[PDB]
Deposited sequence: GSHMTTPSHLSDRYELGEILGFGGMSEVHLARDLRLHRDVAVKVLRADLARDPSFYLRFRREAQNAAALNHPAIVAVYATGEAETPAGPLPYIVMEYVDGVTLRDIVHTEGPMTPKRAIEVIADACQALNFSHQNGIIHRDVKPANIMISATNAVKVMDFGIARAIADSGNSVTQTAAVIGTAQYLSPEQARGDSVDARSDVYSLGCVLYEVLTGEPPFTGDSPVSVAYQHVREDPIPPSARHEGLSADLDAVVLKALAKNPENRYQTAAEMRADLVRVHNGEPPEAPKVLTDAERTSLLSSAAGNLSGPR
């Protein structure tokens, strides 16, 4: 049914192909598990779970999942996921090709992401992996959040929250944090913490305060600082408790209004 075509992109887990649905005549994105990882149960499982978790979401700002299955290739069974096709670019790409967005644009985009996440949080779903690569902007400039993660067991990493690097409990406020990180990098052109390993970056995430955005990049403002740093506060209790709260504050900043976030001085 699906005539696959060009490679749209590469992820740490999969190859995503543009394809044509020949029964409905629409372009779709087909996510195919990396050949070599299919043999590892943990990954096959992860892949399938994410699929079923994401199909439970239906919002204009969230990439819809349409179908599943497994191609019975000569090598073995490659599971794949059929989804709504976004013709556009991830924020990572945007940052890598065009530099930091204008404050207002950043605000608009992140605010849309908030709606996606809030809708999700309401149908009881933590994303878990909010990062620049998991948010796309369409040719027609719609924001689209994707690659929703899944509750895992217990005994990148550059946008994970503190409670994630420790083995603590995870809820909506962690999406709030990591989103904070996205906004940060998208305002300044850099992720808030960098280093020579995951470990050290994990250290920074839970130990060192971020440099205020206005202090890493020109024409930002103290109010943005406020919002960004409240989003990136270490203890979930001191952050925006909900996506909507964060969004409301972003809206305040977008207009000429002062945000409710505690103030930040340089």
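According to the record, the deposited residues with no C-alpha atom in the structure span 1-12, 168-181, 293-311.
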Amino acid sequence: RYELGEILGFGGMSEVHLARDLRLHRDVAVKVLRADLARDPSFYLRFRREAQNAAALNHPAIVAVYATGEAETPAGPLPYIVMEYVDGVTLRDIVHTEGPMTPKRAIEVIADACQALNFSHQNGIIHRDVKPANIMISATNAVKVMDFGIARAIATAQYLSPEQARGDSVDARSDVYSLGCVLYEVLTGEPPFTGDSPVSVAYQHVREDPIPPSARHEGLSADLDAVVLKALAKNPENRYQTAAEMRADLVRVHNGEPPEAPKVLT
From here on, numbers count along this sequence of modelled residues.
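When 74-82 is weighed against 156-164, 74-82 comes out higher, by mean CA B-factor as recorded in the entry. Judged by mean Cα B factor in the deposited record, 231-239 ranks above the other of 211-219 and 231-239.
Across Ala38, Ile62, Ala226, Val65, the entry's maximum B-factor at the CA atom is seen for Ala38. Annotation for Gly124: C-alpha temperature factor in the highest third relative to the rest of the modelled chain, per the entry. When the modelled residues of the chain are ordered by C-alpha B-factor, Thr188 sits in the lowest third. Residue-level temperature factors show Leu18 in the highest third of its chain, judged at the C-alpha atom.
Remark: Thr140 belongs to the highest third of its chain, ranked by C-alpha B-factor as recorded.
Compared with the other modelled residues of the chain, the Cα B-factor recorded for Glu98 ranks in the middle third.
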